[PDB]
Amino acid sequence: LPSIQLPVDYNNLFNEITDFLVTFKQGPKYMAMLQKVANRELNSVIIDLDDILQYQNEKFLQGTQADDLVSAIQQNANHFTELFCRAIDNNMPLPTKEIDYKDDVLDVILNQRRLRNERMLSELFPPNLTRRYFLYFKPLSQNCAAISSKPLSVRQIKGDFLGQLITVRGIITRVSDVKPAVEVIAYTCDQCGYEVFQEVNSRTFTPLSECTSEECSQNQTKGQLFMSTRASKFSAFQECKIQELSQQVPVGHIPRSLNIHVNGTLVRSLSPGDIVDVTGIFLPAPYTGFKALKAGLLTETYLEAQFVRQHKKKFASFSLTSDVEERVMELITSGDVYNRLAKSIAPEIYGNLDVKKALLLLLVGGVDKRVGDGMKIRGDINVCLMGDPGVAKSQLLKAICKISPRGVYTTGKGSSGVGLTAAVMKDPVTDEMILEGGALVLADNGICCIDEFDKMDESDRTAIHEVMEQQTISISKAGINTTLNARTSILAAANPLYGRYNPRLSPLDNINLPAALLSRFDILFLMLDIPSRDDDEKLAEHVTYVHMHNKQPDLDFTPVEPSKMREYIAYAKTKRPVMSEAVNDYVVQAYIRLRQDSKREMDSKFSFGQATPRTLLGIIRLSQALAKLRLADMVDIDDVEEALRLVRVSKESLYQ
Amino acid sequence: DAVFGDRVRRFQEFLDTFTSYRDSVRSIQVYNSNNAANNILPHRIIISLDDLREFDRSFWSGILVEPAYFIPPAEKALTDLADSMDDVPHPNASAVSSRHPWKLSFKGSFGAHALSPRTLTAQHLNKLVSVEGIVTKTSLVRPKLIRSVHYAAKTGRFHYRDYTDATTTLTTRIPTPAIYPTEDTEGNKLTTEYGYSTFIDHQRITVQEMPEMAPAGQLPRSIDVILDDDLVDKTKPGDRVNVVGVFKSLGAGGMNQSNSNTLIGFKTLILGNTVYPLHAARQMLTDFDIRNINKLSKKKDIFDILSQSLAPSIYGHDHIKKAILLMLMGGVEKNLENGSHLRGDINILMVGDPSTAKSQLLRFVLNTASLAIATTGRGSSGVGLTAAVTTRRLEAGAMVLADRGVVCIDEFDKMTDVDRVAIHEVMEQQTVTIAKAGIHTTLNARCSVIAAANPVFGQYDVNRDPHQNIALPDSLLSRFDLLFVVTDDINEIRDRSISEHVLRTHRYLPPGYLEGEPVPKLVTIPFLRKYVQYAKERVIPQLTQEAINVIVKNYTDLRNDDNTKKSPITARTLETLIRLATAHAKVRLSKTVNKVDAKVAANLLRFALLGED
Amino acid sequence: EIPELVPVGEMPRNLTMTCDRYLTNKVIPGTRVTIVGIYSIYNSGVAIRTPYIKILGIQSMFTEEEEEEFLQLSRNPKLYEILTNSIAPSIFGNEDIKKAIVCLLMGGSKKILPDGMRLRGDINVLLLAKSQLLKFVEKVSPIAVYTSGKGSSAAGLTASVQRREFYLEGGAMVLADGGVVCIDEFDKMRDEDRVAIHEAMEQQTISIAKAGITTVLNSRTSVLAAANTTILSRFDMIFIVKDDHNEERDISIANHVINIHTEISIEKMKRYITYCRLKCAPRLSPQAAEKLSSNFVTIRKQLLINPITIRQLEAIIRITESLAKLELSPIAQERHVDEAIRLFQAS
DNA sequence: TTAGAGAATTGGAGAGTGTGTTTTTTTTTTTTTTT
DNA sequence: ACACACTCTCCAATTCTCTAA
Ligand SMILES: Nc1ncnc2c1ncn2[C@@H]1O[C@H](COP(=O)(O)OP(=O)(O)NP(=O)(O)O)[C@@H](O)[C@H]1O
Ligand SMILES: Nc1ncnc2c1ncn2[C@@H]1O[C@H](COP(=O)(O)OP(=O)(O)NP(=O)(O)O)[C@@H](O)[C@H]1O
Ligand SMILES: [Mg+2]
Ligand SMILES: [Mg+2]
Ligand SMILES: [Zn+2]
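Thresholds, definitions, all that
Residues numbered from 1 in each chain as written, not as in the entry; some residues may be left out. Chains lettered and ligands numbered in written order. Part of a larger assembly, values for the part shown. Heavy atoms only, no water. Contact = heavy atoms within 4.5 Å. Buried area = accessible area lost by both parts, 1.4 Å probe. Salt bridge = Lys/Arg side-chain N within 4 Å of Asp/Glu carboxyl O. Polar contact = N/O pair within 3.5 Å; in protein donor to acceptor, adjacent residues only side chain to side chain. Helix = DSSP H or I, 4+ residues; strand = E, 2+ residues; numbered from the N terminus. Nonpolar A, V, L, I, M, F, W, Y, C, P; charged D, E, K, R; others polar. 1 Å grid on protein atoms, 1.4 Å probe; cavity = no way out; pocket = protein on both sides within 12 Å on 5 of 7 lines; lining within 4 Å. Points joined across faces, edges and corners; volume = space filled by probe spheres on them. Pairing = 2+ DSSP bridges. Axes fitted to C-alpha atoms, helices over the stretch in contact; angles between N-to-C directions. Donors = N, O, S within 2.8 Å, 3.2 Å for Na, K, Ca; no water. Left-handed = near helix turned anticlockwise from the far one by under 90°. Tetrahedral: all angles 85-135°; square planar, octahedral: opposite > 155°, others 65-115°. Buried < 20%, exposed > 50% of the residue type's maximum accessible area, 1.4 Å probe, protein only. Near = heavy atom within 4 Å. Areas by Shrake-Rupley, 256 points an atom, 1.4 Å probe, with all protein chains shown as cover. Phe/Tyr/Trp six-rings, centres within 6.5 Å; stacked < 30°, edge-to-face > 60°. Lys NZ or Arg CZ within 6 Å of the ring centre and 35° of its normal.

Judging from the entry metadata, cryo-EM is the method by which this structure was determined, and 3.5 Å is the reported resolution.

In structure tokens:
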């Protein structure tokens, strides 16, 4: 009933929008996109607010006043999706190329309807019915920066923000599968042969049932309406949920969450377990009909997604733009990348260089193989660290957990073999049975870190056997019978029996693992804490420096930063280097010697069990990883001898 | 109607007379106006109910007996005062029509209206009351609509409307249907302007009488409270709290036609006006405290004074007292630029004969640390001590609850092997991680551990190895910074001294009591708590080359020289030296660690480790 | 309905009823009452309604002259003998057992220090015929609980966690808080209670951190126990019951049994014990301190040339205070110290 | 034989009224404390 | 307040009948 004044007039802002779309350039930037839309080449338009800020600054420096459109579309974001769409529809250019127009049902229907009106004469339909494109806003760069550039945790999203454009940081908990949602519905009248349309915005609607057209009415033609899919307009819909990071929850509270909606080409971007910076519009969800009359003033709410930024680029997302090319050329031209990359893993830890080199080869991994008859062979590498207390095992393990784009960390005592693999939970109130994957599934195509491996129960450790070699999980339980994919490499850490390693016994007595499991690791590294006045002094001088400066001590060596390291590793995981006959003869001859030496010494104090055929393929996998890191397309004997050295060094700790 | 204006005038006279409230309005406004140009303070003021009594008794009793007729005009007058004071020009669209007035809160002298949930009675309805109890439940936060704004497409005019519900206002009005208008009076189609509309936060809680007051094992009684705007989420379950607000009734009570024959009663609530906690830990320093703390720190031997003032009722064990003081101060926690973490908190273990004050000394820490949890070793399971699953929801254990605090474990030797191994992560990585059916999560647990145990043979046997006397694995003993062995060696003068000491202790009488009625210098514990709090917040000592020169030499000699030492020596021993030196420098309020601190830390570790100084 | 009215083999019938204004909050559960009210029906089959009643009416520290008697008792020169004689008078002999029960009923004095440490007031005794004394203690004590070693539930003696969500319940150590508790066979204690009673006795608390529960329970009580090892160290005094076989005693008991089949009284003594606990909490004189410390070092030296420990010196002090409490003397004296060490011969 | 003026019978347009709606197992997988 | 089921009422469309050219 009443009315107020406000500082904003939308006519001025509409004029600014139509100038911006036809003038801005880094021809003008957005007219190329609209030409691609007109050619049917492109389905969505992404508006950059950095452009609008730049445009405002340039117009100001030319000595003229202008409205602050950037804050104006952040404060009340919902309304401007319509203004930009009307401007785009007004200014859309004509096609540059032939289209085959007759493929469109709506074109035929509207052409015939226009012809009917033309004959009869001897808005027509809602404009939403012919918008072939989607439109989204991208928030301000924080380095140019405003609230949309600054991430909020899910607790900080108060009721003040309803209507605004914001950014949210958290973990995704669940994702729905895609289904269609109506936008414009189409009907046919039987007796008078005429078509009518209805537009849907709310969660529910009543379909039409009477032909209220004036011509039909004046012919007293009370015809029947029928619905049609073939000329209705749908859009893809998906719903998700986001939840705050566990390390940001205040003490004694339960974590909170938000509902996310996604439409258009942005669909199936999110996935469960992702850590992500989502940005969008935060809105209420009104009730409808009789429910609204007795629901009260408490409103449900949700987030309309507009753009999504991931924290770590998955290795599958790689493509060699020249921006990346220029950076990998730095490492390639500098040379000796193997040592530099290994030295760059956890620089705050002194020494341990061979362990770091082994863990770099774990990050790269071997080549997947699939024979013409259907047999397949594991490409992943498995590694284990066995050693005394206080030698940085947990610390080094947790450092590698940062580099990998997909990975999880777990400890032996806190873990169930079920929850480690996959569980059949009677989760809903409806008594339904549903399968939910465990840690080894969440680490699919990544690394799984298992600390305190010696504390985990002997029965529960057997769950890992199938995943380690076959990279799959098989379940046959109440109402569920399926196989899941688990393409994951395992890294584990343990103390020997009795804690500190005991020289009175053999290595196998100290290790205390069964034969079938000890074989599934490609490398097991044995590391012992033996005092030395000389080495202890150097280690202490290094650690004390680190505590003093927060920096590793350096005179010669500069580590590569983790980002450039990820780019190099991601580029290196694409190569698939092949073997050759000269190399094959050498490794074939090496394998015989290993088994003969094992047979000779099964009695001996220097025994470590017997070399199985899985030790041959371990050599091939390590060799191929080394070939990948030098960006080759061919394994070289130089790789094989290093792969043998790296296996030999694991046992030298036994000899003080 | 006319009476509303006069009440606004009379409260304006009060606000002009008692000027300390104008300063409050103005200071909040200028603070908010400053940082807006770059957190924000709420538009709320607390008035002393005594000032209002001395100013006008007729207004005082009106607020206190008829709040629905006196609180609204008073609050209106406060908003006019804040609005007439100068404010930033050219407000934005949302600021122009925020629908956000200032709000009141009260303190002091409620008299007869200070109550508890058991005694709140139908006579007190519509009065302003104060209640005390324990929070038991809290709802989720929800937004609530109060105003909406609409733009008319053809005419270019902005329209608006307001909404009400029975819990939003002290006075009573016709309820509103929560519908959005789609069309103008003149037939123009409307659009809704989110971001210009106004929504507020809402939360319901429940408060119950304290269990100490429950009669005869009878059922306890409780009330529901309504909170909104600024008051949301300032409490959690288990809090002891005192709430101020108006006590009111709701609904039709079955007189709107029902099957009950109207035997059922009306519903009732308290509308939260102000909330205060109860202490049942933290203290806030006055200026004089800063002066005294800084002056005392320049004595020659502050460490001796402070350490001997811990548990003066316990004779002997000087070194354990010094170790506990350094534990309460702690080291400095490091986070490196690559995300790597280096531990800061000190863990202590003590093992010894029966009756040698182990449990008695362990009990003292629980009553001087700001956050402390206590448990017996056999009364706790691995999951209960770290974390457990429920319904999926994950529930914290004792080590997760004391995050930045200390945890005390008595009868540590009785804990089973299956329970002990759950602790190996928490004492170094300072986290808890679970991987069970339907759950994977990491939790933080940053505390310091102090614990007591009995040796294997019931008394310590010097004629057998320390490993034979102490049945724990080497990987666990390595995680304790200081390991103390203590025994009851029989000697004449020692026995005489201790016995005379405990007899002098048992002859104490508290100050306010006649004899037989039932109930160097030492700083008082209430001052020592302030000293520890100040030192832990305001000083962060950085390491120096002179300290490092001592630390490196001591570590390499101690590790390499062959001796009958009672604990394994590893890379973690070096960190214990750095932590102890940093904590001693912090006692001294020094901005940097010096050679003296490193020397003292070495002389403490040598005593505990090699048994002799 | 009244228990002595119900027809045999049937569970009792009941009614629901309403009251308002001054008739509210006038009664509590378990009380027998008489009611006047209108009997009527209300809405809540065909043409059928529930009945109820509207109520219109319901029916259901010391004086000066009391404490004068207690004061006259306090100045009697043989009061200690009188109270010992008044305890289980049918039981022959066993003088020191009766003396120890008097001290257990009277207790020492609680104290709190400037550094916040807290000093225990209670007493604990163990007995190795014996069934009668625990029942007598249960009757004479102002507050009392009686149990056998297995306990009344899966809580046992101390407490336990049970299960569906988990919960916790306390046994007969938590329930007797503030009073006395007596155990009828201490050897039948369960495994969890064997370890948990250490905290319950030394700390006067029970603490649990299991299945997400994290709480501490109060256990402020004096324990009397009997049976038929290291657990004896928890008690202040231990004694073994003794018997005599006079035929006249059994004949007298049998004659009394036939009579039912065909010195100070309990209530007065209970009220006196209550009065003394409320009025007096006495302190050691310096002479007692020199005496006790000299005796302590003497016993340790004698044992060294041939154990006593501080946790037993602090028990002798509590016994000494409890002996001075009978006289209402505000100070304890060498007279009490002598009888305290004399009675300390548990062996 | 056409047609036009007057009377009677029927249909359904459309206006009105009242109404209803929100909201003890038994079998099977998994974690936890208890003997 | 929002779709439905059911009731009531008035008005004009229709066919039937009588009269005269
Ligand atoms: N070479 C090293 N360089 C730097 N710090 C080291 C080195 N070796 C050991 N440390 C320190 O040793 C401490 C303990 O490391 P941590 O990873 O917890 O040991 P761990 O091998 O997991 N021992 P445990 O879990 O008992 O088997 C850390 O603070 C490290 O800084
Ligand atoms: N200076 C002291 N030295 C030793 N014990 C003392 C001292 N002062 C008091 N005590 C008393 O010693 C008794 C036993 O102390 P407590 O701390 O329980 O020993 P403990 O080491 O825990 N023995 P235990 O429970 O068998 O492991 C208490 O009653 C204390 O009051
Ligand atoms: Mg570790
Ligand atoms: Mg003790
Ligand atoms: Zn039609």
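**Student:** What should I look at first to understand the interface of chain B and chain C in this one?
**Tutor:** Note on interface size: it is often stated as the accessible area lost on association of the parts. Listed per partner, the contact involves 51 residues of chain B and 49 residues of chain C. Around 4,500 Å² of area is buried between chain B and chain C when both sides are counted, 59% of it from carbon and sulfur atoms. Three residues, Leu503(B), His506(B) and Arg507(B), lead the burial of chain B against chain C; their summed loss comes to 17% of the area buried on that side. The interface formed by chain B and chain C contains four salt bridges. When the shortest N-O distance is used, the salt bridge between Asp495(B) and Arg300(C) registers 2.8 Å. Taken together, the links from chain B to chain C amount to 15 residue pairs in polar contact. Elements represented by at least two residues in the side of chain B that touches chain C include exactly helix 10 (358-365), strand 14 (372-376), helix 11 (382-386), strand 16 (393-396), helix 12 (398-401) and helix 16 (492-506) of chain B. When residues in the side of chain B that touches chain C are grouped by element, the largest group, ten residues, is from helix 16 of chain B. For the side of chain B that touches chain C, a count of residues per class yields 19 nonpolar, 19 polar and 13 charged.

**Student:** What's the story with empty space enclosed by the protein in this structure? I'm lost.
**Tutor:** Take a probe with the size of a water molecule and roll it over the atoms, and the empty space left behind shows itself. Residue and element names in this part refer to chain B. By volume, the largest cavity is sized at about 230 Å³. Surrounding the largest cavity, 20 residues form its lining, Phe480, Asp481, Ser567, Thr573 and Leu605 being those nearest its centre. Elements supplying a minimum of two residues to the lining of the largest cavity: strand 21 (482-486), helix 19 (571-587) and helix 20 (595-610). Looking at which element gives the most residues to the lining of the largest cavity, the answer is helix 19, with four residues. Each residue belonging to the lining of the largest cavity can be placed in one class, and the counts come to nine nonpolar, five polar and six charged.

**Student:** Help me understand the sheet that holds strand 13 (residues 348-352) of chain B, please; the structure alone is not making it clear to me.
**Tutor:** What holds strands together in a sheet is hydrogen bonding between their backbones, with the strands either parallel or antiparallel. Residue and element names in this part refer to chain B. Across the sheet, which stays open at both edges, the five strands sit in the order 14-17-20-13-21 with parallel pairing between neighbours. Both edges of this open sheet fall to strand 14 and strand 21, since each of them pairs with a single strand only. The sheet shows a mean angle of 15 degrees between the axes of neighbouring strands, direction not considered. The pairing of strand 13 with strand 20 (residues 448-453) spans four bridges and is parallel. Bridge pairing in strand 20 links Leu349 to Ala451.

**Student:** How do you make sense of the coordination of the magnesium ion (ligand 4) when you look at a structure like this?
**Tutor:** Listed as protein donors to the magnesium ion (ligand 4) are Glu202(C) (OE) and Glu202(C) (OE); their distances from the metal cover 2.0 to 2.6 Å. Examined against the element boundaries, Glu202(C) turns out to sit in helix 5 (residues 191-202).

**Student:** Would you mind going over the packing of helix 19 (residues 533-549) of chain A against helix 18 (residues 545-560) of chain B with me for this structure?
**Tutor:** Packed helices, taken two at a time, are described by the angle between their axes plus the distance between the axes. Axis separation between helix 19 of chain A and helix 18 of chain B bottoms out at 9 Å; the angle between their running directions is 145 degrees. In this structure, helix 19 of chain A meets helix 18 of chain B at a crossing whose hand is right-handed. For the pair formed by helix 19 of chain A and helix 18 of chain B, the contact residues are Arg533(A), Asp536(A), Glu537(A), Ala540(A), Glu541(A), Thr544(A) and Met548(A) on the first element and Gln545(B), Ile548(B), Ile551(B), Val552(B), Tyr555(B), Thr556(B), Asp557(B), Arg559(B) and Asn560(B) on the second. Partitioning the contact of helix 19 of chain A with helix 18 of chain B into residue classes produces six nonpolar, four polar and six charged.

**Student:** Is there a simple way to explain the coordination of the zinc ion (ligand 5) in this structure?
**Tutor:** Under ideal tetrahedral coordination, the four donors around a metal are separated by 109.5 degrees; under ideal octahedral coordination, the six donors are separated by 90 or 180 degrees. Residue and element names in this part refer to chain A. In the first shell of the zinc ion (ligand 5), the protein supplies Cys189 (SG), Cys192 (SG), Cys211 (SG) and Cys216 (SG), at 2.3 Å from the metal. Because the angles between the four donor atoms bound to the zinc ion (ligand 5) fall within 95 to 135 degrees, the donor set is best described as irregular. Judged by relative accessible area, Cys189 falls into the buried class, the value being 5%. Looking at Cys192, the relative accessible area reads 22%, which means it is partly exposed.

**Student:** Would you take a moment to explain the site of ligand 1 for this structure?
**Tutor:** Around ligand 1 lies a shell of 19 residues, among which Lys393(A), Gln395(A), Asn495(A), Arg479(B) and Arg572(B) are the nearest. Ligand 1 sits at a junction of chains, with neighbouring residues supplied by chains A and B. Residue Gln395(A) places a main-chain N or O atom 2.9 Å away from an oxygen atom belonging to ligand 1. At 2.9 Å, a side-chain N or O of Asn495(A) approaches an oxygen atom of ligand 1. Within the complex, the protein chains bury 92% of what would otherwise be the 640 Å² of accessible surface of ligand 1. Contributing elements (two or more residues each) for the shell around ligand 1: helix 12 (393-403) and helix 19 of chain A together with helix 19 of chain B.

**Student:** Can you help me understand the packing of aromatic side chains in this one?
**Tutor:** In this description, an aromatic ring pair is defined by two values, namely the gap between the centres and the angle between the planes. Counted according to the given criterion, the structure contains 26 aromatic pairs over all chains. Here the aromatic rings of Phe318(A) and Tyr571(A) are separated by 5.8 Å at their centres, their planes lie at 20 degrees, and the arrangement is stacked. Here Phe318(A) is found in the loop between strand 10 (300-310) and helix 9 (322-334), whereas its partner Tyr571(A) is found in helix 20 (residues 562-572), with 253 residues between them in sequence. Look at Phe318(A) and you get partly exposed, because its relative accessible area is 24%. A relative accessible area of 18% means that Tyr571(A) is categorised as buried. Each ring, one from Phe14(B) and one from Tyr21(B), has its centre 6.0 Å from the other, and the planes form 40 degrees; the classification is tilted. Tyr21(B) shares its class with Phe14(B); the two are buried. An aromatic cluster of three or more residues is present, and its members are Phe11(B), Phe14(B), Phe18(B), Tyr21(B), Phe55(B), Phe59(B) and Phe70(B). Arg161(B) extends its terminal NZ or CZ atom over the ring of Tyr163(B), reaching a point 5.2 Å from the ring centre. Taking NZ or CZ as reference, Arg464(B) lies 3.6 Å from the ring centre of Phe457(B), over its face.

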